[PDB]
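Engineer: For reference, the structure I am asking about is given below.
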There are 2 protein chains.
Amino acid sequence: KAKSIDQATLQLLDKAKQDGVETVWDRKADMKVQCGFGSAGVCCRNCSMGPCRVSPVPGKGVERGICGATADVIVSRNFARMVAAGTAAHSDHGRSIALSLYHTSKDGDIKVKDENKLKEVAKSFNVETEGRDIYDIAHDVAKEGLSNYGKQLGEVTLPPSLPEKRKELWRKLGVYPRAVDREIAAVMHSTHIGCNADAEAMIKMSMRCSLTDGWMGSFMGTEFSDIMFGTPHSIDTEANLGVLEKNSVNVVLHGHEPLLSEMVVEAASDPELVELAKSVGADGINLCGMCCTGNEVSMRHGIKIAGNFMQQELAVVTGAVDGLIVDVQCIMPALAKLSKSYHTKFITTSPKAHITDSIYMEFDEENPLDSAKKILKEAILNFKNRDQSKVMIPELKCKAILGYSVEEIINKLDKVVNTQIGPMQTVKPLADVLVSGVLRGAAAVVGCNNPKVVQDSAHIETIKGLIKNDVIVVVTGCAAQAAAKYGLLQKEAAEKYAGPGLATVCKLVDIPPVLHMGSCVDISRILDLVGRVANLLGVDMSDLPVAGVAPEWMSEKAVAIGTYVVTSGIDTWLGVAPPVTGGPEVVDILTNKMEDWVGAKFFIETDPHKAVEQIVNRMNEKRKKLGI
Amino acid sequence: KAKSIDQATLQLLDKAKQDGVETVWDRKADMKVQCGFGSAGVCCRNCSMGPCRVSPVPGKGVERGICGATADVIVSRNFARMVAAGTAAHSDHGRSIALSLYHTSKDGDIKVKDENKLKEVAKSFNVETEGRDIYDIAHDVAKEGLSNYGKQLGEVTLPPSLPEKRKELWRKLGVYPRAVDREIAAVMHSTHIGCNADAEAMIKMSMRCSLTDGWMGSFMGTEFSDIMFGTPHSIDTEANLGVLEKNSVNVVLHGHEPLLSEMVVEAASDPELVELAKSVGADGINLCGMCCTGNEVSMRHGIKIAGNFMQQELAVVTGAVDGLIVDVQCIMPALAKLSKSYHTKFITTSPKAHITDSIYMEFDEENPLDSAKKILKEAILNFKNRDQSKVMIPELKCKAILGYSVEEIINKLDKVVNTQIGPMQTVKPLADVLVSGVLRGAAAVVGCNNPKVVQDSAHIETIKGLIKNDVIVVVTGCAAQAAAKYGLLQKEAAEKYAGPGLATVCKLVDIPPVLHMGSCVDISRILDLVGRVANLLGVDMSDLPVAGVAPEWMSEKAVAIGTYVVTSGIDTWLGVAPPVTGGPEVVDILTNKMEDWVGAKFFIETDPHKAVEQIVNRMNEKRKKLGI
Ligand code: SF4
Ligand code: SF4
Ligand code: SF4
């Protein structure tokens with residue numbers, strides 16, 4: 001089968017074959033037929049009595065592990081641990097952001113750039129703002145956010161966009177969230193040998209844990225990032241590997257933590273570093289981003305996006321990356337080995353993400369700007385080691401428009417508001433187009449790449465099908481970057497791919513049919529948006545014609561995201577089967593019984609066209625239930 | 001191979017074969033040859049690009065997972081997740097204890113029974129005590145303990161017995177603990193795909209996480225349990241399955257959390273329940289304990305111990321267990337199936353541990369005594385369903401002495417203190433016998449059973465070898481219960497098994513050669529004891545001739561325990577190989593490089609006699625280093 005639908009990706013794969021280096025596709029081929037027990041989730045290693053593998057087919061073979069655990073128990077515990085790991089990644093990201101907010105000052109490297117957003121957040125956290133210094137408010141808000149992570153007494157703080165009905169449903173179901181780290185610890189405790197051996201209770205614990213990701217960790221990370229670095233607005237950028245410059249220093253920022261990439265962007269305008277780039281024979285400094293850190297700097301500053309997850313290696317294959325600076329998460333360790341075949345300096349910066357044989361330059365949060373400057377200086381000095389005979393940058397780049405935060409979307413919707421009617425600054429125009437049926441619904445396309453799927457194929461096919469069916473699409477993460485590379489993040493795309501209702505809406509509001517809402521933590525924005533719509537219509541989020549899709553997901557973070565999206569009341573389609581087919585009870589819970597608990601459920605569909613059809617049918621069913 | 005060295009265990013295995021019921025041994029046989037990849041730890045399932053298996057033999061076969069992770073990376077991440085799971089179990093136990101302390105009242109079900117212990121703990125937590133109400137002090141202490149779990153700013157609180165040198169070494173190494181749930185979340189975050197791919201850093205993160213178990217979670221759980229339920233003192237009890245009564249109601253308490261078992265013990269003396277037991281035709285109520293909850297109620301009240309981990313099923317096989325009340329952890333789910341073959345009521349009580357097809361009666365912490373009375377009444381009423389023709393109780397039980405908390409040990413040591421010299425109430429006599437060489441050292445024997453080892457064989461052989469070599473032995477958990485069943489927890493055992501120096505010490509202090517220090521969380525007591533000795537000698541804990549042994553461990557909790565014992569500076573022998581042989585770098589870190597970091601290291605030895613020899617040699621070389 002084809003490795004990708006992206007032509008620049010194919011050219012660089014040919015180059016990697018010529019250079020004798022191996023990619024993620026080569027390692028996937030080397031893995032051959034993957035273990036059936038692990039693929040079905042019926043393998044357990046939770047204690048040293050094991051490893052235990054039970055039959056994925058009920059009634060045949062070994063039925064129980066040594067402790068007596070059934071296939072359903074093993075599957076449910078494995079699924080719960082995936083959710084706990086994803087929640088941990090997102091919560092650690094949000095915790096770093098909250099600590100950075102706590103360390104803001106007027107004359108420091110980290111300031112408050114959006115005071116209005118900070119005051120609204122302070123209102124949401126019961127922090128007084130009138131007649132107060134802005135940094136005192138910021139510190140109080142950071143304290144409340146940090147308490148959300150580890151409070152042992154009392155209730156956590158949730159955003160006002162979350163409907164009261166959803167909160168009450170969670171409380172009745174027993175999944176109402178506690179402090180984030182406490183829920184992660186609870187999930188890890190209940191999967192220990194000889195604890196929870198009941199699939200339904202295990203799934204409910206995993207949902208409870210995922211809620212602390214969706215509504216607390218990711219939400220606080222996003223809002224505090226907006227406070228410190230600015231709320232995203234409509235902005236132009238370029239996407240795909242063609243953004244690399246042969247005649248300039250190329251600095252590629254890969255990872256998820258935004259403070260480092262923000263400081264690197266600021267350092268790139270330093271006169272001394274620009275002069276140094278000139279002195280090593282380069283035209284200038286060309287910052288490019290990848291994955292979620294690329295999404296953040298692109299949403300807030302228009303930094304060009306070099307590529308998504310499965311392109312990271314190919315960025316090095318060009319031979320033009322002088323410095324690849326990585327913080328945490330979705331950083332393929334093979335990069336270190338790959339960096340030996342080129343001049344590239346592979347720089348790790350976080351104590352959480354040491355990588356063997358990489359150059360470690362710890363990013364100092366006490367002096368973020370100076371630390372970013374020294375890291376960037378190492379990348380710039382590496383330009384002298386460039387071998388221009390090994391350089392091949394495909395001439396394939398695509399224009400994209402992004403920056404669609406909830407605030408930006410509301411500002412855009414204000415155009416189609418009659419002044420004599422109003423109100424202004426609400427999601428009411430979006431609610432109106434959804435209720436009238438001009439738009440059939442809204443769908444979130446999120447997730448990673450996965451060698452099991454032709455890279456970017458499922459993302460593009462799902463998005464085109466949805467917008468052709470007058471479903472407005474919001475995108476995050478690597479799916480958003482696939483849309484950017486393909487050319488869907490363009491106003492012109494409205495008349496090229498969208499159906500009649502969505503084309504009319506795009507023309508009236510002057511937006512692309514696909515709205516890039518940011519990184520994987522920025523999925524919280526989507527929740528926020530949906531919540532507002534629900535609160536405007538006086539219904540729960542499970543009554544709306546909305547859906548989420550993860551066509552090509554790979555990470556534990558994706559599992560946690562899908563779990564909290566379903567738990568919030570939004571049906572989720574998975575384009576990659578999770579390791580649960582071995583447990584019939586777990587499959588039945590996730591795809592059938594979940595609708596009785598939270599009004600939504602998982603859909604597993606590896607065919608994107610069938611997924612689009614199912615999404616449209618489900619949205620029409622919910623519309624008929626709602627009367628619209 | 002023999003299944004056990006215990007004769008009562010063998011008789012009940014014959015009965016289980018005659019009854020056509022499966023045991024843990026039968027399921028272990030059914031599992032046959034366990035997966036080599038999982039056994040070596042070279043299998044990874046951390047993302048849905050996998051499952052990935054790399055060769056356990058370097059230089060052959062597949063070398064890297066799909067993301068590029070090496071065998072060392074996969075092994076280190078698997079080990080770190082085991083540590084995180086064990087830390088989560090212990091920390092959740094301690095968190096429940098702290099919450100119970102927070103709800104103590106003068107006229108409530110949960111009171112303060114050891115005010116002196118509470119005042120000393122309050123001193124350790126910087127809580128004022130002079131001229132204050134005892135329950136105000138208790139609530140402040142509980143607040144400080146709870147803050148240890150989830151504080152995001154500042155430093156955690158550690159017991160005064162921990163040497164300053166050990167803390168400084170931890171700070172220099174980068175493993176100084178943070179809040180417990182924060183460290184669990186950090187480990188889970190760093191094992192996520194594309195985060196940490198460096199074995200040394202991964203092992204250091206796991207050590208940092210395990211420290212929050214050893215010195216914060218388990219320590220606080222133990223000390224708060226002492227405050228609420230009484231400090232253990234020397235007390236007699238009986239052990240092994242013979243403690244069951246044919247003519248009495250048999251109520252078996254299995255699990256770890258002590259509040260439920262304490263309330264059940266209190267409810268058993270209720271006049272209405274005793275009258276009800278008489279009216280259903282029984283002579284009375286016979287409470288028996290298993291595993292750690294049995295250890296707690298036995299340490300504090302002399303409740304008879306029915307058996308350790310791999311005996312739980314056999315307790316039901318007798319046909320005499322009218323009620324089996326379980327809370328969390330090390331509860332084989334197969335019990336639910338097994339109790340169908342008998343009249344036994346298998347009662348789950350904790351929302352953390354639901355077991356399918358068991359009778360769920362949620363233990364209400366708000367009204368603990370009434371809830372325990374209701375559960376106990378269900379067990380008593382089940383006596384009418386006893387089938388006395390199916391009853392077979394082995395006439396095999398053994399006298400044991402336990403209750404050796406640090407306070408009790410100090411009280412015993414006061415006997416050999418010359419009044420004209422002093423001081424009293426210190427560990428000085430123990431330090432003196434260790435320094436003079438009358439005792440060669442002290443060894444902690446802890447851990448579970450494991451079907452991979454003849455049950456209780458390794459525990460008994462290791463303990464007998466150590467005490468024969470004049471090494472005083474402290475025991476916890478299932479190892480302590482194996483010692484109890486065998487008969488080592490007896491004063492007479494001093495003249496039957498101990499060497500000359502240990503026999504003299506036992507005669508002078510009037511103690512058994514093997515000291516039962518309580519449950520698995522009570523391993524913190526051992527740390528406390530060692531710390532005091534170190535603080536009395538002005539040395540670090542790695543300079544002492546001490547060791548820990550886990551001859552037959554199975555649980556993730558055992559992994560976390562061994563990790564924090566080694567990190568505290570105490571060499572640890574493992575009688576069951578952990579899944580790390582596939583990663584040569586991880587093996588080298590755990591067994592060789594750890595000594596450079598923390599002055600102690602792991603020893604993997606499956607032969608108990610060889611383990612005793614190695615322990616004696618290591619203790620002698622540490623003595624020669626210390627000059628004693
Ligand atoms: S999933 Fe289990 S059975 Fe399959 S290779 Fe991995 S450890 Fe072995
Ligand atoms: S927890 Fe149970 S099923 Fe899992 S490895 Fe241990 S004995 Fe086997
Ligand atoms: S994390 Fe890497 S090694 Fe583990 S399953 Fe995913 S791709 Fe394979």
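Chain labels A, B, ... are given in the sequence in which chains occur in the structure tokens; within each chain residues are numbered consecutively from 1, and ligands are likewise numbered from 1 in the order shown.
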Which residues are close to region 607-616 of chain A, i.e. within 12 Å by only C-alpha atoms, leaving aside same-chain residues fewer than 2 positions away? Reply as a count of residues only.

Structural biologist: 53

Engineer: Per residue of chain A within 9 Å of ligand 1, note the shortest atom pair and the distance in Å to one decimal, counting only C-alpha atoms and all ligand atoms, and order the rows by chain and increasing residue number, as a tab-separated table.

Structural biologist:
```
residue	atom	partner	partner_atom_place_in_ligand_line	distance
A:34	CA	ligand 1	5 (S)	7.9
A:35	CA	ligand 1	4 (Fe)	4.7
A:36	CA	ligand 1	4 (Fe)	6.5
A:37	CA	ligand 1	4 (Fe)	5.0
A:38	CA	ligand 1	1 (S)	3.5
A:39	CA	ligand 1	1 (S)	7.1
A:40	CA	ligand 1	1 (S)	8.7
A:41	CA	ligand 1	1 (S)	7.6
A:42	CA	ligand 1	1 (S)	7.8
A:43	CA	ligand 1	2 (Fe)	4.6
A:44	CA	ligand 1	2 (Fe)	6.5
A:45	CA	ligand 1	7 (S)	7.1
A:51	CA	ligand 1	7 (S)	6.4
A:52	CA	ligand 1	2 (Fe)	7.2
A:53	CA	ligand 1	3 (S)	5.9
```

Engineer: Between CA of residue 3 (chain A) and CA of residue 319 (chain A), what is the distance in Å, rounded to a tenth?

Structural biologist: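 CA of residue 319 (chain A) lies at a distance of 20.8 Å from CA of residue 3 (chain A).
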
Engineer: Around ligand 3, out to 10 Å and counting only C-alpha atoms and all ligand atoms, which residues are there? I want them as a PDB file with C-alpha atoms, in the first residue's frame.

Structural biologist:
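Wrote it out as result.pdb, contents follow:
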```
ATOM      1  CA  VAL A  24       8.678   4.755  10.951  1.00  0.00           C
ATOM      2  CA  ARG A  27      10.112  -0.138  11.422  1.00  0.00           C
ATOM      3  CA  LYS A  28       6.395  -0.887  11.014  1.00  0.00           C
ATOM      4  CA  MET A  31       7.462  -5.488  13.099  1.00  0.00           C
ATOM      5  CA  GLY A  38      -1.792  -7.520  22.567  1.00  0.00           C
ATOM      6  CA  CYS A 330       5.282  12.438  20.395  1.00  0.00           C
ATOM      7  CA  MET A 332      10.118   9.667  18.058  1.00  0.00           C
ATOM      8  CA  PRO A 333      13.314   8.494  19.826  1.00  0.00           C
ATOM      9  CA  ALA A 334      14.596   7.220  16.471  1.00  0.00           C
ATOM     10  CA  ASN A 450      -0.649   5.879  12.465  1.00  0.00           C
ATOM     11  CA  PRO A 451       1.362   3.603  10.113  1.00  0.00           C
ATOM     12  CA  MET A 554      -2.073   6.478  17.912  1.00  0.00           C
ATOM     13  CA  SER A 555      -1.406   8.012  21.351  1.00  0.00           C
ATOM     14  CA  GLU A 556      -2.742   7.361  24.833  1.00  0.00           C
TER      15      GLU A 556
ATOM     16  CA  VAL B  42      10.798  -6.259  25.769  1.00  0.00           C
ATOM     17  CA  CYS B  43       7.118  -6.013  24.761  1.00  0.00           C
ATOM     18  CA  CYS B  44       5.521  -2.577  24.537  1.00  0.00           C
ATOM     19  CA  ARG B  45       1.876  -1.557  24.209  1.00  0.00           C
ATOM     20  CA  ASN B  46       2.102   2.116  25.181  1.00  0.00           C
ATOM     21  CA  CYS B  47       0.509   3.313  21.915  1.00  0.00           C
ATOM     22  CA  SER B  48      -1.771   1.924  19.217  1.00  0.00           C
ATOM     23  CA  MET B  49       1.027   1.931  16.647  1.00  0.00           C
ATOM     24  CA  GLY B  50       2.048  -1.207  18.576  1.00  0.00           C
ATOM     25  CA  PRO B  51       2.053  -3.803  20.033  1.00  0.00           C
ATOM     26  CA  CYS B  52       5.862  -3.848  19.569  1.00  0.00           C
ATOM     27  CA  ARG B  53       8.213  -6.618  20.628  1.00  0.00           C
ATOM     28  CA  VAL B  54      11.962  -6.298  20.283  1.00  0.00           C
ATOM     29  CA  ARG B  64      13.453  -1.086  17.908  1.00  0.00           C
ATOM     30  CA  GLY B  65       9.750  -0.528  18.278  1.00  0.00           C
ATOM     31  CA  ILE B  66       7.862   1.346  15.582  1.00  0.00           C
ATOM     32  CA  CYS B  67       8.540   4.727  17.215  1.00  0.00           C
ATOM     33  CA  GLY B  68      12.240   3.763  17.445  1.00  0.00           C
ATOM     34  CA  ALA B  69      12.336   2.847  21.161  1.00  0.00           C
ATOM     35  CA  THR B  70      15.138   0.422  22.097  1.00  0.00           C
ATOM     36  CA  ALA B  71      14.878  -2.626  24.318  1.00  0.00           C
ATOM     37  CA  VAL B  73      13.727   2.121  26.712  1.00  0.00           C
ATOM     38  CA  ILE B  74      10.865  -0.411  26.618  1.00  0.00           C
ATOM     39  CA  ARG B  77       9.272   2.302  30.884  1.00  0.00           C
ATOM     40  CA  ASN B  78       7.637  -1.023  31.840  1.00  0.00           C
ATOM     41  CA  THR B 191       6.338   6.741  29.816  1.00  0.00           C
ATOM     42  CA  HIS B 192       3.933   8.119  27.148  1.00  0.00           C
ATOM     43  CA  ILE B 193       4.954   7.497  23.523  1.00  0.00           C
ATOM     44  CA  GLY B 194       7.672   9.885  22.449  1.00  0.00           C
ATOM     45  CA  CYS B 195       8.608  11.250  25.881  1.00  0.00           C
ATOM     46  CA  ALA B 197      13.808   7.350  25.925  1.00  0.00           C
TER      47      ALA B 197
END
```

Engineer: Which residues come within 8 Å of region 528-542 of chain A, counting only C-alpha atoms, excluding same-chain residues fewer than 5 positions away, as JSON, numbers by chain?

Structural biologist: {"A": [161, 162, 163, 165, 166, 406, 427, 428, 430, 431, 568, 569, 570, 598, 599, 600]}

Engineer: I'd like the interatomic distance between CA of residue 543 (chain B) and CA of residue 628 (chain B), to a tenth of an Å.

Structural biologist: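 CA of residue 628 (chain B) lies at a distance of 10.8 Å from CA of residue 543 (chain B).
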
Engineer: Kindly indicate which residue among B:287, B:303, B:241, B:85 lies nearest to chain A, using only C-alpha atoms for the distances.

Structural biologist: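 Under the stated criterion, the closest residue is B:85.
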
Engineer: Pick the closest to ligand 2 from B:329, B:352, B:522, B:256: which is it, counting only C-alpha atoms and all ligand atoms?

Structural biologist: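 For ligand 2, the nearest of the given residues is B:329.
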
Engineer: Give me, as a PyMOL selection string, the residues of region 9-238 of chain B that a backbone DSSP run labels alpha helix (DSSP H).

Structural biologist: chain B and resi 9-19+24-31+36-40+71-102+115-124+134-150+164-173+180-190+199-211+218-229

Engineer: Restricting the output to C-alpha atoms, write the selected residues as a short mmCIF file (atom, residue, chain, number, x, y, z; two decimals), in the first residue's frame.

Structural biologist:
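To be explicit, this is the file written out as again.cif:
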```
data_model
loop_
_atom_site.label_atom_id
_atom_site.label_comp_id
_atom_site.auth_asym_id
_atom_site.auth_seq_id
_atom_site.Cartn_x
_atom_site.Cartn_y
_atom_site.Cartn_z
CA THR B 9 -2.26 -26.08 52.23
CA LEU B 10 -1.58 -29.56 50.79
CA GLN B 11 -4.61 -31.11 52.49
CA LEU B 12 -6.88 -28.36 51.14
CA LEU B 13 -5.36 -28.75 47.65
CA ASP B 14 -6.32 -32.44 47.76
CA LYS B 15 -9.81 -31.39 48.86
CA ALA B 16 -10.04 -28.85 46.02
CA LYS B 17 -9.04 -31.54 43.55
CA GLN B 18 -11.75 -33.82 44.99
CA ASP B 19 -14.33 -31.01 44.76
CA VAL B 24 -4.23 -20.44 41.37
CA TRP B 25 -1.88 -23.41 40.89
CA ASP B 26 -4.27 -24.91 38.29
CA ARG B 27 -4.51 -21.60 36.40
CA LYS B 28 -0.71 -21.27 36.48
CA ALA B 29 -0.47 -24.74 34.95
CA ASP B 30 -3.06 -23.79 32.31
CA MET B 31 -1.00 -20.74 31.36
CA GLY B 36 9.09 -14.77 26.52
CA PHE B 37 8.79 -11.15 25.34
CA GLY B 38 6.61 -10.17 28.28
CA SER B 39 8.77 -12.15 30.69
CA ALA B 40 11.87 -10.24 29.55
CA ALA B 71 14.88 -2.63 24.32
CA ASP B 72 16.37 -0.60 27.18
CA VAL B 73 13.73 2.12 26.71
CA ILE B 74 10.87 -0.41 26.62
CA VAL B 75 12.18 -2.25 29.68
CA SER B 76 12.76 0.96 31.67
CA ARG B 77 9.27 2.30 30.88
CA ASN B 78 7.64 -1.02 31.84
CA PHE B 79 9.57 -1.04 35.13
CA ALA B 80 8.62 2.59 35.83
CA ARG B 81 4.93 1.85 35.28
CA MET B 82 5.12 -1.06 37.73
CA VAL B 83 6.63 1.31 40.30
CA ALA B 84 3.92 3.91 39.61
CA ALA B 85 1.15 1.33 40.05
CA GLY B 86 2.60 0.10 43.37
CA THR B 87 3.01 3.67 44.58
CA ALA B 88 -0.61 4.38 43.61
CA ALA B 89 -1.91 1.41 45.62
CA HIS B 90 0.02 2.36 48.76
CA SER B 91 -0.75 6.08 48.40
CA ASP B 92 -4.48 5.46 47.98
CA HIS B 93 -4.39 3.37 51.18
CA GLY B 94 -2.62 6.18 53.04
CA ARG B 95 -5.01 8.79 51.60
CA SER B 96 -8.02 6.87 52.94
CA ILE B 97 -6.33 6.69 56.35
CA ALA B 98 -5.65 10.44 56.35
CA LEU B 99 -9.26 11.18 55.38
CA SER B 100 -10.42 8.95 58.26
CA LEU B 101 -8.13 10.88 60.60
CA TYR B 102 -9.66 14.14 59.35
CA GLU B 115 -2.68 10.72 72.03
CA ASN B 116 1.07 10.56 72.68
CA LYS B 117 1.65 9.17 69.19
CA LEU B 118 -0.55 11.92 67.74
CA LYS B 119 1.42 14.60 69.60
CA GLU B 120 4.74 13.23 68.32
CA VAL B 121 3.36 13.08 64.77
CA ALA B 122 2.08 16.65 65.16
CA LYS B 123 5.58 17.67 66.20
CA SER B 124 6.86 16.02 63.01
CA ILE B 134 -6.88 16.61 70.88
CA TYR B 135 -9.27 16.46 67.91
CA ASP B 136 -8.27 19.94 66.69
CA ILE B 137 -4.69 18.64 66.65
CA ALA B 138 -5.83 15.49 64.84
CA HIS B 139 -7.59 17.52 62.15
CA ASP B 140 -4.56 19.77 61.64
CA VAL B 141 -2.30 16.71 61.36
CA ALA B 142 -4.69 15.16 58.83
CA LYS B 143 -4.66 18.39 56.80
CA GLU B 144 -0.85 18.38 56.67
CA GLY B 145 -0.81 14.72 55.67
CA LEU B 146 -3.35 15.31 52.91
CA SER B 147 -1.31 18.24 51.62
CA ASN B 148 1.62 15.81 51.27
CA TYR B 149 -0.42 14.01 48.57
CA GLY B 150 -1.24 16.91 46.25
CA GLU B 164 19.93 14.44 56.71
CA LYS B 165 22.68 12.84 54.63
CA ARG B 166 20.14 10.68 52.78
CA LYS B 167 18.01 13.73 51.99
CA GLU B 168 21.04 15.65 50.72
CA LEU B 169 22.05 12.68 48.57
CA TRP B 170 18.52 12.54 47.11
CA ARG B 171 18.60 16.28 46.34
CA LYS B 172 21.97 16.00 44.60
CA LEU B 173 20.80 12.97 42.61
CA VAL B 180 2.75 11.57 45.87
CA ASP B 181 0.06 11.92 43.18
CA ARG B 182 2.29 14.41 41.35
CA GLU B 183 5.10 11.83 41.16
CA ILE B 184 2.74 9.10 39.94
CA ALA B 185 1.48 11.48 37.25
CA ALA B 186 5.06 12.39 36.30
CA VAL B 187 6.00 8.73 35.78
CA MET B 188 2.86 8.10 33.72
CA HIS B 189 3.59 11.20 31.63
CA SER B 190 7.22 10.28 30.95
CA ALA B 199 17.00 4.30 30.74
CA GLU B 200 18.97 6.08 33.49
CA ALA B 201 16.57 9.03 33.66
CA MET B 202 13.59 6.65 33.61
CA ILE B 203 14.96 4.62 36.54
CA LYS B 204 15.65 7.84 38.47
CA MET B 205 12.07 9.00 37.92
CA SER B 206 10.81 5.62 39.20
CA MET B 207 13.03 5.91 42.32
CA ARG B 208 11.70 9.43 42.92
CA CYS B 209 8.14 8.11 42.66
CA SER B 210 8.83 5.17 45.01
CA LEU B 211 10.18 7.52 47.69
CA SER B 218 3.07 4.10 53.70
CA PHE B 219 4.60 6.09 56.55
CA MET B 220 1.57 8.35 57.02
CA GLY B 221 -0.81 5.44 56.64
CA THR B 222 1.01 3.50 59.35
CA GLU B 223 1.33 6.40 61.80
CA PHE B 224 -2.28 7.58 61.36
CA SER B 225 -3.47 3.98 61.76
CA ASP B 226 -1.53 3.87 65.03
CA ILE B 227 -3.13 7.16 66.12
CA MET B 228 -6.68 6.03 65.37
CA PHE B 229 -6.54 2.29 66.22
#
```

Engineer: Would you please work out which residue, of B:567, B:196, B:261, B:157, is nearest to chain A when using only C-alpha atoms?

Structural biologist: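 Nearest candidate to chain A out of B:567, B:196, B:261, B:157: B:196.
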
Engineer: Could you pull out the strand (DSSP E) residues of region 67-289 of chain B, going by DSSP on the backbone, and write them as a PyMOL selection string?

Structural biologist: chain B and resi 235-239+249-254+285-289

Engineer: Using only C-alpha atoms, pick whichever of B:419, B:349, B:344, B:7 has the shortest atom-to-atom distance to chain A.

Structural biologist: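 Smallest distance to chain A is found for B:349.
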